[PDB]
Amino acid sequence: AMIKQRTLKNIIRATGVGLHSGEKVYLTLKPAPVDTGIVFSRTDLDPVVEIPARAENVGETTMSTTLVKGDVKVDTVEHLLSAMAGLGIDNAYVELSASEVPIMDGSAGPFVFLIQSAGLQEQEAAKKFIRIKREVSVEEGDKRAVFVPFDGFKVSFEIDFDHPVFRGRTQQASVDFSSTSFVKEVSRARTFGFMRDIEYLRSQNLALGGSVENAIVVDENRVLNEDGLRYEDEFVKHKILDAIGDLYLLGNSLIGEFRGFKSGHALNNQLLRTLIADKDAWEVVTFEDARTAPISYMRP
Ligand SMILES: C[C@@H](O)[C@H](NC(=O)c1ccc(C#Cc2ccccc2)cc1)C(=O)NO
Ligand SMILES: [Zn+2]
C-alpha cells in the first residue's frame, strides 16, 4: 500500500478570536486537490487573496508566524499548521474572514479535533517527504535551531527561563513520533506568556484576544490560571508544537530531526530558508510500499 497524500473528507467550520488582533474570525477548512499544499485564503477581501503556507511567503515573525502576499497578511498560522502536520494533511484550503487565525484554547487540540471530526481522505498521488541528508544549523546569539538526518521524525526542544516555575527536567523534551502520539502528548499544549511581557504587548495594542481561557499566564513566581497545567512540561511541549507548525512551511512532512535551543518563529523560519537554499542537505522521497517507510500515519 502506497503512502498517499491526504486532504479533508468534508468542509468544517470554526469560530474564534485572533490572539493578537482580538478580532472575531470564521475559519473554514476545505478539501484541496493533490499537490495544492496548505493554502490560506482571505475570503473577506475582493478579489479573494490566496497565500500558500510556504517558507517563501513568511512575513513578520516577531510574535507569531505570519504569511504575506502583497500587503495582505494571515497572522498566527503556527498552531493550525502544527495540527495539519500532526495529522499528515498534505492539501487543504484554509479560509479566513479576518487577518488572524482564531487562537481557540491556545493549543492545537481544537484543530486536531475539528480535522478528525470531518475525517481524512487519502488521495490518488504519492505523499512526498523532505528527507534531511546533511546537518543544517542556524544560530543567533545564544539561540540555535538544527536539522539532523534521522530515520523518522523527532523534535527536541530546550527552553531556558531563570524562574521559580521553570526548574528541573521540565525545561527540555524530546518527542519521537514513531512511539509517541502528536495528538495525546503535544497537541493540547497551550501558548503562554510572562505577565510583564503580556502587559507590554497589551500596551502596544497586541495580545488583544488573550485571556486565561486561551493562554497560560505566568507571573514572577507562579501559573496564574486557576485550573493548572495540562502537562507537567506544557511550556516546552508548546514550543515543540510551535516548531512542528513552523517546520510545516516546508510544504511536506519531514524525515529528520529538529533540535531547538531557545528557538522561536524567527529562527525556525531562518532554519527553513537555510535548508531550502542548501539543496545538497535534502531530497524529496516517496513510499510506494508503506512497509519500507520510517513514518506512519493514523487511518483516514
Ligand atoms: C509561546 C510564544 O512563542 C508565543 N505566544 C505569545 O507570544 C503570547 C502572546 C500573548 C499572550 C497573551 C495573553 C493574555 C492577554 C491578556 C490576558 C491574559 C493573557 C500569550 C502568548 C506562541 O505561542 N507563538 O506561537
Ligand atoms: Zn504557539
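So, a few notes on the structure that sits alongside this text.

With respect to the pairing of strand 3 (residues 24-30)
Thought 1: Note: strand 2 (residues 12-17) against strand 3, six bridges, orientation antiparallel. Bridging from a neighbouring strand, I12 pairs with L29 of strand 3.
Thought 2: Count of turn residues in the strand 2/strand 3 antiparallel hairpin: six residues, of which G22 carries a positive phi of about 75 degrees.

Comments concerning helix 6 (residues 265-277)
Thought 1: Over its 13 residues, helix 6 runs 18 Å from end to end, which matches the ideal 18 Å to within 8%, given 1.5 Å per residue.
Thought 2: The set of residues buried in helix 6 consists of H265, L267, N268, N269, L271, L272 and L275.

Notes on the coordination of the zinc ion (ligand 2)
Thought 1: Looking at the zinc ion (ligand 2), one finds its protein donor set to be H79 (NE2), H238 (NE2), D242 (OD) and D242 (OD), positioned 2.0 to 2.7 Å from the metal centre.
Thought 2: Coordination at the zinc ion (ligand 2) is irregular, judged from the six donor atoms that bind it and the angles of 53 to 163 degrees they form at the metal.
Thought 3: When the donor residues of the zinc ion (ligand 2) are listed from N- to C-terminus, their spacing reads H-x158-H-x3-D. Taken together, the residues span a long stretch of sequence, with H79 in helix 1 (residues 78-86) and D242 in helix 5 (residues 234-247) at a distance of 163 residues. Comparing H79 with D242 shows no difference in burial state: the two are buried.

So, the site of ligand 1
Thought 1: Neighbouring ligand 1 are 18 residues; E78, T191, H238, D242 and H265 lie closest to it.
Thought 2: The separation between an oxygen atom of ligand 1 and a polar side-chain atom of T191 is 2.6 Å.
Thought 3: Separating an oxygen atom of ligand 1 from a side-chain N or O atom of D242 is a distance of 3.0 Å.
Thought 4: Burial of ligand 1 by the protein chains amounts to 87% of its free accessible area of 590 Å².
Thought 5: Here ligand 1 is seated within the largest pocket.
Thought 6: Where the shell around ligand 1 is concerned, the elements lending two or more residues are helix 1, helix 4 (195-203) and helix 5.
Thought 7: Considered class by class, the residues forming the shell around ligand 1 number seven nonpolar, seven polar and four charged.
Thought 8: The residues that make up the shell around ligand 1 include at least three from each of domain 1 (1-128) and domain 2 (129-300).

What about empty space enclosed by the protein?
Thought 1: Each pocket or cavity is described by its volume, and for the largest cavity that value is around 40 Å³.
Thought 2: Of the residues belonging to the lining of the largest cavity, the class tally is five nonpolar, two polar and no charged.
Thought 3: Quantified by volume, the second largest cavity comes out at close to 30 Å³.
Thought 4: Every residue along the wall of the second largest cavity is listed here: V58, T61, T65, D246, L249, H265, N268, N269 and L272.
Thought 5: A total of four residues in the lining of the second largest cavity trace back to one element, the largest contributor, which is helix 6.
Thought 6: Split into classes, the residues belonging to the lining of the second largest cavity amount to three nonpolar, five polar and one charged.
Thought 7: Among the domains, domain 1 (1-128) and domain 2 (129-300) are the pair contributing at least three residues each to the lining of the second largest cavity.

Brief notes about the side chain of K127
Thought 1: Tracing the chain through its elements places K127 in the loop between strand 9 (120-126) and strand 10 (129-132).
Thought 2: For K127, the side chain forms a polar contact with the main-chain oxygen of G88, separated by 3.0 Å.
Thought 3: Excluding residues within four positions of it along the chain, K127 makes contact with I3, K4, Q5, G88, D90, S253, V285, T286, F287 and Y297.

As for the nonpolar core
Thought 1: Counting residues in each nonpolar core, the largest one holds 83 residues, and the members touching the most others are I38, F40 and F147.
Thought 2: Looking at this core element by element, the count peaks at seven residues for helix 5.
Thought 3: Taken domain by domain, this core gets at least three of its residues from each of domain 1 (1-128) and domain 2 (129-300).
Thought 4: Excluding residues that lie within four positions of it along the chain, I38 makes contacts with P52, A53, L81, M84, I89, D90, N91, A92, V94 and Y248.

Each value, and the rule that gives it
Residues numbered from 1 in each chain as written, not as in the entry; some residues may be left out. Chains lettered and ligands numbered in written order. Heavy atoms only, no water. Residues with missing side-chain atoms left out of burial classes, pairs and counts. Pairing = 2+ DSSP bridges. Helix = DSSP H or I, 4+ residues; strand = E, 2+ residues; numbered from the N terminus. Expected span 1.5 Å × (residues − 1). Buried < 20%, exposed > 50% of the residue type's maximum accessible area, 1.4 Å probe, protein only. Donors = N, O, S within 2.8 Å, 3.2 Å for Na, K, Ca; no water. Tetrahedral: all angles 85-135°; square planar, octahedral: opposite > 155°, others 65-115°. Near = heavy atom within 4 Å. Polar contact = N/O pair within 3.5 Å; in protein donor to acceptor, adjacent residues only side chain to side chain. Areas by Shrake-Rupley, 256 points an atom, 1.4 Å probe, with all protein chains shown as cover. 1 Å grid on protein atoms, 1.4 Å probe; cavity = no way out; pocket = protein on both sides within 12 Å on 5 of 7 lines; lining within 4 Å. Sits in = over half its atoms within 2 Å of the grid points. Nonpolar A, V, L, I, M, F, W, Y, C, P; charged D, E, K, R; others polar. Domains from an automatic or database assignment. Points joined across faces, edges and corners; volume = space filled by probe spheres on them. Contact = heavy atoms within 4.5 Å. Core = buried A, V, L, I, M, F, W, Y, C linked by side-chain atoms within 4.5 Å.

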